[PDB]
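Data from structure15.pdb: PDB, C-alpha atoms and all ligand atoms
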```
ATOM      1  CA  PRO R   1     167.114 -79.235 -23.157
ATOM      2  CA  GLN R   2     169.771 -81.731 -24.289
ATOM      3  CA  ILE R   3     169.452 -82.187 -28.053
ATOM      4  CA  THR R   4     171.041 -85.146 -29.821
ATOM      5  CA  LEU R   5     172.194 -84.972 -33.447
ATOM      6  CA  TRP R   6     170.596 -88.018 -35.142
ATOM      7  CA  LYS R   7     168.245 -85.520 -36.701
ATOM      8  CA  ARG R   8     168.726 -81.889 -37.678
ATOM      9  CA  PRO R   9     168.424 -79.783 -34.502
ATOM     10  CA  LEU R  10     165.277 -77.904 -35.558
ATOM     11  CA  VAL R  11     163.254 -75.934 -32.983
ATOM     12  CA  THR R  12     160.437 -73.368 -33.071
ATOM     13  CA  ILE R  13     161.266 -69.685 -32.699
ATOM     14  CA  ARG R  14     159.069 -66.604 -32.454
ATOM     15  CA  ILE R  15     160.330 -63.616 -34.429
ATOM     16  CA  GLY R  16     158.398 -60.533 -35.524
ATOM     17  CA  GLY R  17     155.456 -61.986 -33.621
ATOM     18  CA  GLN R  18     155.550 -64.997 -35.962
ATOM     19  CA  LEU R  19     156.498 -68.702 -35.300
ATOM     20  CA  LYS R  20     159.089 -70.421 -37.536
ATOM     21  CA  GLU R  21     161.318 -73.506 -37.546
ATOM     22  CA  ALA R  22     165.017 -72.878 -37.258
ATOM     23  CA  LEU R  23     168.247 -74.846 -37.164
ATOM     24  CA  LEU R  24     170.598 -74.459 -34.150
ATOM     25  CA  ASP R  25     173.824 -74.074 -36.069
ATOM     26  CA  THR R  26     177.116 -73.883 -34.156
ATOM     27  CA  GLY R  27     178.970 -73.493 -37.454
ATOM     28  CA  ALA R  28     177.167 -70.212 -38.085
ATOM     29  CA  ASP R  29     178.673 -66.992 -36.706
ATOM     30  CA  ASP R  30     175.413 -65.163 -37.476
ATOM     31  CA  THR R  31     171.687 -65.775 -37.588
ATOM     32  CA  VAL R  32     170.194 -65.855 -41.108
ATOM     33  CA  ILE R  33     166.378 -65.932 -41.560
ATOM     34  CA  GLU R  34     164.399 -66.483 -44.777
ATOM     35  CA  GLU R  35     162.922 -63.372 -46.434
ATOM     36  CA  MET R  36     160.224 -61.786 -44.309
ATOM     37  CA  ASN R  37     158.979 -58.364 -43.240
ATOM     38  CA  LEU R  38     160.527 -57.405 -39.981
ATOM     39  CA  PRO R  39     159.700 -54.178 -38.283
ATOM     40  CA  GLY R  40     162.692 -51.880 -38.033
ATOM     41  CA  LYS R  41     165.425 -50.272 -40.124
ATOM     42  CA  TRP R  42     167.929 -52.408 -42.022
ATOM     43  CA  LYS R  43     171.390 -52.062 -43.556
ATOM     44  CA  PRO R  44     172.408 -54.061 -46.618
ATOM     45  CA  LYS R  45     175.175 -56.570 -45.853
ATOM     46  CA  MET R  46     177.030 -59.471 -47.524
ATOM     47  CA  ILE R  47     177.883 -62.796 -45.893
ATOM     48  CA  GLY R  48     179.388 -65.958 -47.283
ATOM     49  CA  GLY R  49     179.106 -69.625 -46.479
ATOM     50  CA  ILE R  50     180.049 -72.850 -48.332
ATOM     51  CA  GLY R  51     178.716 -72.066 -51.795
ATOM     52  CA  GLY R  52     179.442 -68.359 -51.788
ATOM     53  CA  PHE R  53     178.323 -64.857 -50.789
ATOM     54  CA  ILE R  54     174.718 -63.701 -50.703
ATOM     55  CA  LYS R  55     173.234 -60.240 -50.071
ATOM     56  CA  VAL R  56     171.207 -59.864 -46.826
ATOM     57  CA  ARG R  57     169.299 -57.148 -44.976
ATOM     58  CA  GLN R  58     170.698 -56.599 -41.511
ATOM     59  CA  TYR R  59     168.180 -55.960 -38.673
ATOM     60  CA  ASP R  60     169.674 -55.103 -35.279
ATOM     61  CA  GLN R  61     168.497 -55.731 -31.729
ATOM     62  CA  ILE R  62     165.590 -57.965 -32.822
ATOM     63  CA  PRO R  63     163.938 -60.005 -30.030
ATOM     64  CA  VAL R  64     163.851 -63.724 -30.862
ATOM     65  CA  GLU R  65     162.442 -66.436 -28.603
ATOM     66  CA  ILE R  66     164.176 -69.797 -29.103
ATOM     67  CA  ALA R  67     162.394 -72.735 -27.420
ATOM     68  CA  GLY R  68     160.983 -70.326 -24.861
ATOM     69  CA  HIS R  69     164.344 -68.626 -24.208
ATOM     70  CA  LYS R  70     164.710 -64.967 -25.067
ATOM     71  CA  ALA R  71     167.552 -63.398 -27.057
ATOM     72  CA  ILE R  72     167.660 -59.872 -28.527
ATOM     73  CA  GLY R  73     170.221 -59.472 -31.256
ATOM     74  CA  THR R  74     171.177 -59.064 -34.890
ATOM     75  CA  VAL R  75     169.304 -61.128 -37.468
ATOM     76  CA  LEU R  76     170.161 -61.212 -41.211
ATOM     77  CA  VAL R  77     167.254 -61.767 -43.659
ATOM     78  CA  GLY R  78     167.995 -63.140 -47.084
ATOM     79  CA  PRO R  79     167.745 -66.089 -49.478
ATOM     80  CA  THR R  80     168.411 -69.203 -47.385
ATOM     81  CA  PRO R  81     167.443 -72.878 -47.601
ATOM     82  CA  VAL R  82     166.593 -72.849 -43.889
ATOM     83  CA  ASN R  83     166.314 -70.460 -40.881
ATOM     84  CA  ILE R  84     169.672 -70.568 -39.115
ATOM     85  CA  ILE R  85     170.221 -69.606 -35.489
ATOM     86  CA  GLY R  86     173.924 -68.784 -35.241
ATOM     87  CA  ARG R  87     176.433 -68.258 -32.416
ATOM     88  CA  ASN R  88     175.427 -64.645 -31.750
ATOM     89  CA  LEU R  89     172.038 -65.860 -30.382
ATOM     90  CA  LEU R  90     173.098 -69.302 -29.134
ATOM     91  CA  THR R  91     175.469 -67.609 -26.664
ATOM     92  CA  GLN R  92     172.641 -65.433 -25.319
ATOM     93  CA  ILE R  93     170.583 -68.555 -24.401
ATOM     94  CA  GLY R  94     173.621 -70.283 -22.941
ATOM     95  CA  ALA R  95     173.927 -73.078 -25.507
ATOM     96  CA  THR R  96     177.030 -75.255 -25.240
ATOM     97  CA  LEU R  97     178.430 -78.256 -27.135
ATOM     98  CA  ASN R  98     179.023 -81.294 -24.944
ATOM     99  CA  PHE R  99     180.560 -84.741 -25.562
TER     100      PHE R  99
ATOM    101  CA  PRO E   1     184.268 -81.554 -22.588
ATOM    102  CA  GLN E   2     181.888 -78.585 -22.759
ATOM    103  CA  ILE E   3     182.486 -76.094 -25.555
ATOM    104  CA  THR E   4     181.131 -72.573 -25.199
ATOM    105  CA  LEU E   5     180.160 -70.641 -28.312
ATOM    106  CA  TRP E   6     181.879 -67.301 -27.650
ATOM    107  CA  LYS E   7     184.278 -68.356 -30.417
ATOM    108  CA  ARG E   8     183.897 -70.750 -33.380
ATOM    109  CA  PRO E   9     183.979 -74.293 -31.923
ATOM    110  CA  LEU E  10     187.255 -75.342 -33.612
ATOM    111  CA  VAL E  11     188.942 -78.570 -32.587
ATOM    112  CA  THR E  12     191.822 -80.749 -33.818
ATOM    113  CA  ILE E  13     190.915 -83.791 -35.902
ATOM    114  CA  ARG E  14     193.137 -86.450 -37.446
ATOM    115  CA  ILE E  15     192.338 -87.776 -40.842
ATOM    116  CA  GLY E  16     194.414 -89.660 -43.361
ATOM    117  CA  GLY E  17     197.391 -89.444 -41.093
ATOM    118  CA  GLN E  18     197.158 -85.682 -40.781
ATOM    119  CA  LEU E  19     196.145 -83.304 -37.998
ATOM    120  CA  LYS E  20     193.794 -80.445 -38.961
ATOM    121  CA  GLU E  21     191.625 -77.846 -37.250
ATOM    122  CA  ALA E  22     187.911 -78.263 -37.903
ATOM    123  CA  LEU E  23     184.646 -76.576 -36.984
ATOM    124  CA  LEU E  24     182.008 -78.560 -35.093
ATOM    125  CA  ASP E  25     178.874 -77.771 -37.083
ATOM    126  CA  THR E  26     175.475 -78.972 -35.754
ATOM    127  CA  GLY E  27     173.894 -77.335 -38.819
ATOM    128  CA  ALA E  28     175.864 -79.537 -41.236
ATOM    129  CA  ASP E  29     174.288 -82.779 -42.530
ATOM    130  CA  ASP E  30     177.730 -83.919 -43.794
ATOM    131  CA  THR E  31     181.437 -83.601 -43.005
ATOM    132  CA  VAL E  32     183.421 -81.463 -45.494
ATOM    133  CA  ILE E  33     187.215 -81.474 -45.470
ATOM    134  CA  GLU E  34     189.436 -79.095 -47.390
ATOM    135  CA  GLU E  35     191.046 -80.427 -50.550
ATOM    136  CA  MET E  36     193.456 -83.259 -49.709
ATOM    137  CA  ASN E  37     194.827 -86.225 -51.573
ATOM    138  CA  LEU E  38     193.099 -89.035 -49.739
ATOM    139  CA  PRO E  39     193.553 -92.400 -51.408
ATOM    140  CA  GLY E  40     190.507 -94.509 -52.099
ATOM    141  CA  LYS E  41     187.570 -94.831 -54.457
ATOM    142  CA  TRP E  42     185.182 -91.874 -54.383
ATOM    143  CA  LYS E  43     181.883 -90.863 -55.950
ATOM    144  CA  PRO E  44     181.034 -87.355 -57.168
ATOM    145  CA  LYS E  45     178.466 -85.227 -55.391
ATOM    146  CA  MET E  46     177.193 -81.693 -54.894
ATOM    147  CA  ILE E  47     176.382 -80.238 -51.479
ATOM    148  CA  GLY E  48     174.757 -76.904 -50.874
ATOM    149  CA  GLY E  49     175.232 -74.378 -48.176
ATOM    150  CA  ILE E  50     174.377 -70.679 -47.940
ATOM    151  CA  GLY E  51     175.230 -69.148 -51.306
ATOM    152  CA  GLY E  52     174.983 -72.273 -53.388
ATOM    153  CA  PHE E  53     176.435 -75.692 -54.220
ATOM    154  CA  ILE E  54     180.011 -76.944 -54.561
ATOM    155  CA  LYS E  55     181.309 -80.165 -56.142
ATOM    156  CA  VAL E  56     182.953 -82.589 -53.771
ATOM    157  CA  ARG E  57     184.291 -86.133 -53.793
ATOM    158  CA  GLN E  58     182.609 -88.587 -51.443
ATOM    159  CA  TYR E  59     184.824 -91.062 -49.580
ATOM    160  CA  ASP E  60     183.234 -93.691 -47.331
ATOM    161  CA  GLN E  61     184.407 -95.341 -44.146
ATOM    162  CA  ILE E  62     187.173 -92.871 -43.494
ATOM    163  CA  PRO E  63     188.618 -93.024 -39.974
ATOM    164  CA  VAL E  64     188.652 -89.587 -38.314
ATOM    165  CA  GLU E  65     189.700 -88.945 -34.733
ATOM    166  CA  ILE E  66     187.928 -85.919 -33.188
ATOM    167  CA  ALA E  67     189.385 -84.400 -30.023
ATOM    168  CA  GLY E  68     190.782 -87.836 -29.201
ATOM    169  CA  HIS E  69     187.438 -89.507 -29.988
ATOM    170  CA  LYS E  70     187.326 -92.166 -32.706
ATOM    171  CA  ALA E  71     184.745 -92.134 -35.494
ATOM    172  CA  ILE E  72     184.377 -93.439 -39.035
ATOM    173  CA  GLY E  73     182.102 -92.471 -41.837
ATOM    174  CA  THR E  74     181.608 -90.545 -45.038
ATOM    175  CA  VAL E  75     183.846 -87.520 -45.648
ATOM    176  CA  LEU E  76     183.360 -85.157 -48.585
ATOM    177  CA  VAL E  77     186.534 -83.500 -49.995
ATOM    178  CA  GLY E  78     186.209 -80.240 -51.856
ATOM    179  CA  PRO E  79     187.081 -76.559 -51.997
ATOM    180  CA  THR E  80     185.831 -75.365 -48.579
ATOM    181  CA  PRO E  81     187.340 -72.410 -46.696
ATOM    182  CA  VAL E  82     187.245 -74.467 -43.461
ATOM    183  CA  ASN E  83     187.053 -78.125 -42.416
ATOM    184  CA  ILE E  84     183.509 -78.892 -41.157
ATOM    185  CA  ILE E  85     182.556 -81.830 -38.900
ATOM    186  CA  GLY E  86     178.871 -82.499 -39.477
ATOM    187  CA  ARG E  87     176.236 -84.548 -37.617
ATOM    188  CA  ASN E  88     177.214 -87.833 -39.351
ATOM    189  CA  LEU E  89     180.390 -87.838 -37.270
ATOM    190  CA  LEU E  90     179.161 -85.772 -34.252
ATOM    191  CA  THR E  91     176.597 -88.419 -33.296
ATOM    192  CA  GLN E  92     179.425 -90.950 -33.198
ATOM    193  CA  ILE E  93     181.300 -89.044 -30.500
ATOM    194  CA  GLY E  94     178.150 -88.508 -28.434
ATOM    195  CA  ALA E  95     177.988 -84.748 -28.981
ATOM    196  CA  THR E  96     174.868 -82.910 -27.824
ATOM    197  CA  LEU E  97     173.527 -79.347 -27.799
ATOM    198  CA  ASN E  98     172.529 -78.208 -24.332
ATOM    199  CA  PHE E  99     170.772 -75.066 -23.027
TER     200      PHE E  99
HETATM  201  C1  LIG Y   1     178.566 -77.601 -46.028
HETATM  202  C2  LIG Y   1     177.904 -78.022 -44.785
HETATM  203  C3  LIG Y   1     176.582 -78.753 -45.026
HETATM  204  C4  LIG Y   1     176.660 -79.577 -46.310
HETATM  205  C5  LIG Y   1     175.382 -77.772 -45.115
HETATM  206  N1  LIG Y   1     175.118 -76.992 -43.885
HETATM  207  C6  LIG Y   1     175.472 -75.721 -43.687
HETATM  208  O1  LIG Y   1     176.106 -75.041 -44.503
HETATM  209  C7  LIG Y   1     175.007 -75.123 -42.354
HETATM  210  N2  LIG Y   1     176.067 -74.527 -41.496
HETATM  211  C8  LIG Y   1     176.726 -73.329 -42.027
HETATM  212  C9  LIG Y   1     178.211 -73.545 -41.773
HETATM  213  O2  LIG Y   1     178.599 -74.793 -42.332
HETATM  214  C10 LIG Y   1     179.038 -72.451 -42.422
HETATM  215  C11 LIG Y   1     180.504 -72.747 -42.189
HETATM  216  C12 LIG Y   1     181.400 -71.781 -42.829
HETATM  217  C13 LIG Y   1     182.078 -70.838 -42.063
HETATM  218  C14 LIG Y   1     182.844 -69.863 -42.668
HETATM  219  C15 LIG Y   1     182.937 -69.828 -44.056
HETATM  220  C16 LIG Y   1     182.269 -70.772 -44.822
HETATM  221  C17 LIG Y   1     181.508 -71.744 -44.210
HETATM  222  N3  LIG Y   1     178.695 -71.143 -41.864
HETATM  223  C18 LIG Y   1     177.836 -70.310 -42.440
HETATM  224  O3  LIG Y   1     177.292 -70.562 -43.543
HETATM  225  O4  LIG Y   1     177.644 -69.176 -41.776
HETATM  226  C19 LIG Y   1     176.619 -68.286 -42.231
HETATM  227  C20 LIG Y   1     175.288 -68.995 -42.276
HETATM  228  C21 LIG Y   1     176.541 -67.181 -41.216
HETATM  229  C22 LIG Y   1     177.014 -67.704 -43.605
HETATM  230  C23 LIG Y   1     173.873 -74.125 -42.618
HETATM  231  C24 LIG Y   1     172.887 -74.624 -43.642
HETATM  232  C25 LIG Y   1     172.013 -75.687 -43.349
HETATM  233  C26 LIG Y   1     171.229 -76.248 -44.333
HETATM  234  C27 LIG Y   1     171.297 -75.748 -45.639
HETATM  235  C28 LIG Y   1     172.131 -74.691 -45.948
HETATM  236  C29 LIG Y   1     172.920 -74.136 -44.953
HETATM  237  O5  LIG Y   1     170.574 -76.295 -46.677
HETATM  238  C30 LIG Y   1     170.349 -77.682 -46.499
HETATM  239  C31 LIG Y   1     171.253 -78.528 -47.387
HETATM  240  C32 LIG Y   1     172.235 -79.345 -46.555
HETATM  241  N4  LIG Y   1     173.448 -78.576 -46.342
HETATM  242  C33 LIG Y   1     174.129 -78.648 -45.202
HETATM  243  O6  LIG Y   1     173.776 -79.347 -44.234
END
```
Would you mind writing the structure in this file as structure tokens?
Amino acid sequence: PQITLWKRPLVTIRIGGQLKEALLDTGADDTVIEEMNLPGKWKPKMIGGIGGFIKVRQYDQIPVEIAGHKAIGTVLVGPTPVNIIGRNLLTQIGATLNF
Amino acid sequence: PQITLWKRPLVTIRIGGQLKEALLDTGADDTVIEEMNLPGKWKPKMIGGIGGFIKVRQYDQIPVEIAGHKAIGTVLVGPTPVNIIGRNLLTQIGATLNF
């Protein structure tokens, strides 16, 4: 689809067999999801954004369906205000910025 | 133009007479520029991102040219590692997400 920016670009995603709302964030290198139980092994990791660094659990090669489009990649789970779909998954579904 | 997301979508902006590199961020409600001495009246405010909140100064009606596209709106100045162009200015240059 073509998504305008008058509102936050929120879409539904399916991850771990569960549906959630996530923000398509081109300013995010990675995908950060709110705390949840995800099947698979995880490595502790630290990432930083505007207000600082947080600790996250890194899950690799996790299938994520974004608006019906499939991606299989790394997702970080940790304390976040909102589910963020970053560049690592946006590139898999062929998302581009246009103006 | 069409910007792919293989790399951070960084473009040149012009603000306050200066040229800077800034990240096009669809996940940002506001525009945050790195600490600069912009003249004008400002109001204090706190914005949060991943990790927490930072104090910034809010300037209104600031002319910003993005990739040769003119826009004008609120710009927050504060200690950010990178300049961030948020939706408040992206909508003005007709930017859309497409996949
Ligand atoms: C500072 C930008 C803007 C103010 C802020 N947006 C944001 O910070 C959104 N984009 C994240 C991007 O703005 C930053 C840019 C950056 C890059 C490198 C170093 C530092 C910062 N990237 C970023 O945080 O990448 C992570 C998620 C992988 C850690 C993600 C988000 C959305 C809503 C959030 C919290 C976070 O909570 C909602 C509150 C509204 N906050 C916002 O809209």
Practice problem: Apply the PyMOL selection byres (((chain E and resi 81) around 9) and not hetatm) to the file shown and report the selected residues as a PyMOL selection string. | Solution: (chain R and resi 49-50) or (chain E and resi 34+79-80+82-83)
Practice problem: Take atom CA of residue 13 of chain E and atom CA of residue 65 of chain E and report the distance between them in Å, one decimal. | Solution: 5.4 Å
Exercise. Considering only C-alpha atoms and all ligand atoms, state which residue in the set E:62, E:72, E:38, E:85 is at the smallest distance from ligand LIG 1 (chain Y).
Key: E:85
Output, as a PDB file with C-alpha atoms, in the frame of the given file, the coordinates of chain R following least-squares superposition onto chain E across all in-order C-alpha pairs.
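So result20.pdb came out as:
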```
ATOM      1  CA  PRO R   1     184.430 -81.668 -23.087  1.00  0.00           C
ATOM      2  CA  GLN R   2     181.877 -78.857 -22.692  1.00  0.00           C
ATOM      3  CA  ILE R   3     182.557 -76.243 -25.372  1.00  0.00           C
ATOM      4  CA  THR R   4     181.126 -72.737 -25.114  1.00  0.00           C
ATOM      5  CA  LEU R   5     180.332 -70.631 -28.186  1.00  0.00           C
ATOM      6  CA  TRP R   6     182.065 -67.268 -27.557  1.00  0.00           C
ATOM      7  CA  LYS R   7     184.575 -68.444 -30.110  1.00  0.00           C
ATOM      8  CA  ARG R   8     184.217 -70.722 -33.119  1.00  0.00           C
ATOM      9  CA  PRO R   9     184.224 -74.328 -31.851  1.00  0.00           C
ATOM     10  CA  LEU R  10     187.472 -75.356 -33.567  1.00  0.00           C
ATOM     11  CA  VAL R  11     189.250 -78.583 -32.552  1.00  0.00           C
ATOM     12  CA  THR R  12     192.081 -80.723 -33.943  1.00  0.00           C
ATOM     13  CA  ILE R  13     191.246 -83.837 -35.943  1.00  0.00           C
ATOM     14  CA  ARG R  14     193.431 -86.555 -37.432  1.00  0.00           C
ATOM     15  CA  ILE R  15     192.389 -87.678 -40.907  1.00  0.00           C
ATOM     16  CA  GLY R  16     194.441 -89.576 -43.481  1.00  0.00           C
ATOM     17  CA  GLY R  17     197.173 -89.721 -40.854  1.00  0.00           C
ATOM     18  CA  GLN R  18     197.285 -85.908 -40.896  1.00  0.00           C
ATOM     19  CA  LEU R  19     196.251 -83.306 -38.209  1.00  0.00           C
ATOM     20  CA  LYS R  20     193.877 -80.452 -39.153  1.00  0.00           C
ATOM     21  CA  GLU R  21     191.637 -77.871 -37.478  1.00  0.00           C
ATOM     22  CA  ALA R  22     187.933 -78.348 -37.931  1.00  0.00           C
ATOM     23  CA  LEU R  23     184.695 -76.666 -36.931  1.00  0.00           C
ATOM     24  CA  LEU R  24     182.065 -78.665 -34.969  1.00  0.00           C
ATOM     25  CA  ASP R  25     179.043 -77.645 -36.986  1.00  0.00           C
ATOM     26  CA  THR R  26     175.582 -78.775 -35.855  1.00  0.00           C
ATOM     27  CA  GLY R  27     174.060 -77.001 -38.855  1.00  0.00           C
ATOM     28  CA  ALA R  28     175.940 -79.330 -41.191  1.00  0.00           C
ATOM     29  CA  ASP R  29     174.330 -82.645 -42.169  1.00  0.00           C
ATOM     30  CA  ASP R  30     177.663 -83.811 -43.618  1.00  0.00           C
ATOM     31  CA  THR R  31     181.378 -83.454 -43.032  1.00  0.00           C
ATOM     32  CA  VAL R  32     183.205 -81.349 -45.651  1.00  0.00           C
ATOM     33  CA  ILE R  33     187.046 -81.217 -45.651  1.00  0.00           C
ATOM     34  CA  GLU R  34     189.324 -78.946 -47.705  1.00  0.00           C
ATOM     35  CA  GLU R  35     190.977 -80.504 -50.778  1.00  0.00           C
ATOM     36  CA  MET R  36     193.468 -83.190 -49.833  1.00  0.00           C
ATOM     37  CA  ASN R  37     194.628 -86.626 -50.953  1.00  0.00           C
ATOM     38  CA  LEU R  38     192.777 -89.270 -49.077  1.00  0.00           C
ATOM     39  CA  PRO R  39     193.459 -92.907 -49.615  1.00  0.00           C
ATOM     40  CA  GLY R  40     190.473 -94.730 -51.051  1.00  0.00           C
ATOM     41  CA  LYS R  41     187.968 -94.606 -53.903  1.00  0.00           C
ATOM     42  CA  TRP R  42     185.645 -91.629 -54.320  1.00  0.00           C
ATOM     43  CA  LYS R  43     182.352 -90.797 -56.028  1.00  0.00           C
ATOM     44  CA  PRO R  44     181.622 -87.306 -57.328  1.00  0.00           C
ATOM     45  CA  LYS R  45     178.775 -85.622 -55.431  1.00  0.00           C
ATOM     46  CA  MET R  46     177.071 -82.207 -55.153  1.00  0.00           C
ATOM     47  CA  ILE R  47     176.039 -80.495 -51.920  1.00  0.00           C
ATOM     48  CA  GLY R  48     174.654 -77.060 -51.233  1.00  0.00           C
ATOM     49  CA  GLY R  49     174.830 -74.638 -48.355  1.00  0.00           C
ATOM     50  CA  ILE R  50     174.048 -70.904 -47.951  1.00  0.00           C
ATOM     51  CA  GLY R  51     175.717 -69.513 -51.060  1.00  0.00           C
ATOM     52  CA  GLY R  52     175.020 -72.431 -53.355  1.00  0.00           C
ATOM     53  CA  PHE R  53     176.062 -75.882 -54.589  1.00  0.00           C
ATOM     54  CA  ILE R  54     179.650 -77.045 -54.925  1.00  0.00           C
ATOM     55  CA  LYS R  55     181.090 -80.261 -56.396  1.00  0.00           C
ATOM     56  CA  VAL R  56     182.795 -82.623 -53.887  1.00  0.00           C
ATOM     57  CA  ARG R  57     184.534 -86.001 -53.907  1.00  0.00           C
ATOM     58  CA  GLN R  58     182.809 -88.452 -51.608  1.00  0.00           C
ATOM     59  CA  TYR R  59     185.044 -90.803 -49.540  1.00  0.00           C
ATOM     60  CA  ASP R  60     183.234 -93.451 -47.491  1.00  0.00           C
ATOM     61  CA  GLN R  61     184.056 -95.152 -44.202  1.00  0.00           C
ATOM     62  CA  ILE R  62     187.039 -92.868 -43.480  1.00  0.00           C
ATOM     63  CA  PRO R  63     188.397 -93.012 -39.900  1.00  0.00           C
ATOM     64  CA  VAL R  64     188.538 -89.554 -38.303  1.00  0.00           C
ATOM     65  CA  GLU R  65     189.701 -88.829 -34.758  1.00  0.00           C
ATOM     66  CA  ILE R  66     188.000 -85.759 -33.264  1.00  0.00           C
ATOM     67  CA  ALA R  67     189.588 -84.527 -30.009  1.00  0.00           C
ATOM     68  CA  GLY R  68     190.762 -88.062 -29.322  1.00  0.00           C
ATOM     69  CA  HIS R  69     187.365 -89.631 -30.108  1.00  0.00           C
ATOM     70  CA  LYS R  70     187.111 -92.009 -33.030  1.00  0.00           C
ATOM     71  CA  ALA R  71     184.487 -91.909 -35.788  1.00  0.00           C
ATOM     72  CA  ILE R  72     184.548 -93.826 -39.093  1.00  0.00           C
ATOM     73  CA  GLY R  73     182.267 -92.365 -41.707  1.00  0.00           C
ATOM     74  CA  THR R  74     181.671 -90.451 -44.911  1.00  0.00           C
ATOM     75  CA  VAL R  75     183.771 -87.353 -45.552  1.00  0.00           C
ATOM     76  CA  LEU R  76     183.281 -84.987 -48.537  1.00  0.00           C
ATOM     77  CA  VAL R  77     186.408 -83.224 -49.904  1.00  0.00           C
ATOM     78  CA  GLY R  78     185.993 -80.028 -51.848  1.00  0.00           C
ATOM     79  CA  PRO R  79     186.454 -76.251 -51.941  1.00  0.00           C
ATOM     80  CA  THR R  80     185.565 -74.996 -48.454  1.00  0.00           C
ATOM     81  CA  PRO R  81     186.523 -71.990 -46.325  1.00  0.00           C
ATOM     82  CA  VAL R  82     187.008 -74.294 -43.332  1.00  0.00           C
ATOM     83  CA  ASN R  83     187.011 -78.023 -42.370  1.00  0.00           C
ATOM     84  CA  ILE R  84     183.497 -78.823 -41.180  1.00  0.00           C
ATOM     85  CA  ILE R  85     182.605 -81.744 -38.933  1.00  0.00           C
ATOM     86  CA  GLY R  86     178.901 -82.352 -39.536  1.00  0.00           C
ATOM     87  CA  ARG R  87     176.134 -84.339 -37.821  1.00  0.00           C
ATOM     88  CA  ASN R  88     177.096 -87.672 -39.396  1.00  0.00           C
ATOM     89  CA  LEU R  89     180.328 -87.708 -37.300  1.00  0.00           C
ATOM     90  CA  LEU R  90     179.127 -85.662 -34.317  1.00  0.00           C
ATOM     91  CA  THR R  91     176.539 -88.372 -33.577  1.00  0.00           C
ATOM     92  CA  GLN R  92     179.239 -91.065 -33.596  1.00  0.00           C
ATOM     93  CA  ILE R  93     181.175 -89.241 -30.813  1.00  0.00           C
ATOM     94  CA  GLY R  94     177.997 -88.583 -28.860  1.00  0.00           C
ATOM     95  CA  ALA R  95     177.922 -84.795 -29.228  1.00  0.00           C
ATOM     96  CA  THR R  96     174.792 -83.057 -27.954  1.00  0.00           C
ATOM     97  CA  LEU R  97     173.561 -79.451 -27.755  1.00  0.00           C
ATOM     98  CA  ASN R  98     172.736 -78.320 -24.231  1.00  0.00           C
ATOM     99  CA  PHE R  99     171.242 -75.121 -22.762  1.00  0.00           C
TER     100      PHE R  99
END
```
Quiz item: Once you count all atoms listed in the file, which residues of chain E turn out to be within 8 Å of chain R? Could you give them as a PyMOL selection string?
Solution: chain E and resi 1-6+8-9+23-29+48-54+80-81+84+87-88+90-91+93-99
Exercise. Would you work out the distance separating atom CA of residue 45 of chain R from atom CA of residue 31 of chain E, expressed in Å to one decimal?
Key: 27.9 Å
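Computed from the coordinates, the atom CA of residue 36 of chain R to atom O5 of ligand LIG 1 (chain Y) distance equals 18.0 Å.
For the set R:33, R:44, R:59, R:73, the residue with the smallest atom-to-atom gap to ligand LIG 1 (chain Y) is R:33, counting all atoms listed in the file.
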Run the PyMOL selection byres (((chain R and resi 42) around 7) and not hetatm) mentally over the shown coordinates, then write out the matched residues as a CSV table (one decimal) with C-alpha atoms, in the frame of the given file, using the chain letters and numbers from the document.
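Output (selection24.csv):
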```
chain,number,residue,atom,x,y,z
R,40,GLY,CA,162.7,-51.9,-38.0
R,41,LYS,CA,165.4,-50.3,-40.1
R,43,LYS,CA,171.4,-52.1,-43.6
R,44,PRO,CA,172.4,-54.1,-46.6
R,57,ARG,CA,169.3,-57.1,-45.0
R,58,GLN,CA,170.7,-56.6,-41.5
R,59,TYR,CA,168.2,-56.0,-38.7
```
Quiz item: From the set E:30, E:64, E:20, E:76, which residue has the shortest atom-to-atom contact distance to ligand LIG 1 (chain Y), counting only C-alpha atoms and all ligand atoms?
Solution: E:30
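Distances from R:56, R:71, R:14, R:61 to ligand LIG 1 (chain Y) were compared using only C-alpha atoms and all ligand atoms, and the smallest one belongs to R:56.
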Enclose all atoms of ligand LIG 1 (chain Y) listed in the file in an axis-aligned box, grow every side by 5 Å, and hand back centre and edge lengths in Å to one decimal, as AutoDock Vina command-line options.
```
--center_x 176.6 --center_y -73.4 --center_z -44.3 --size_x 22.6 --size_y 22.4 --size_z 16.2
```
Exercise. Between R:21, R:46, R:60, R:35, single out the one closest to ligand LIG 1 (chain Y), counting all atoms listed in the file.
Key: R:46
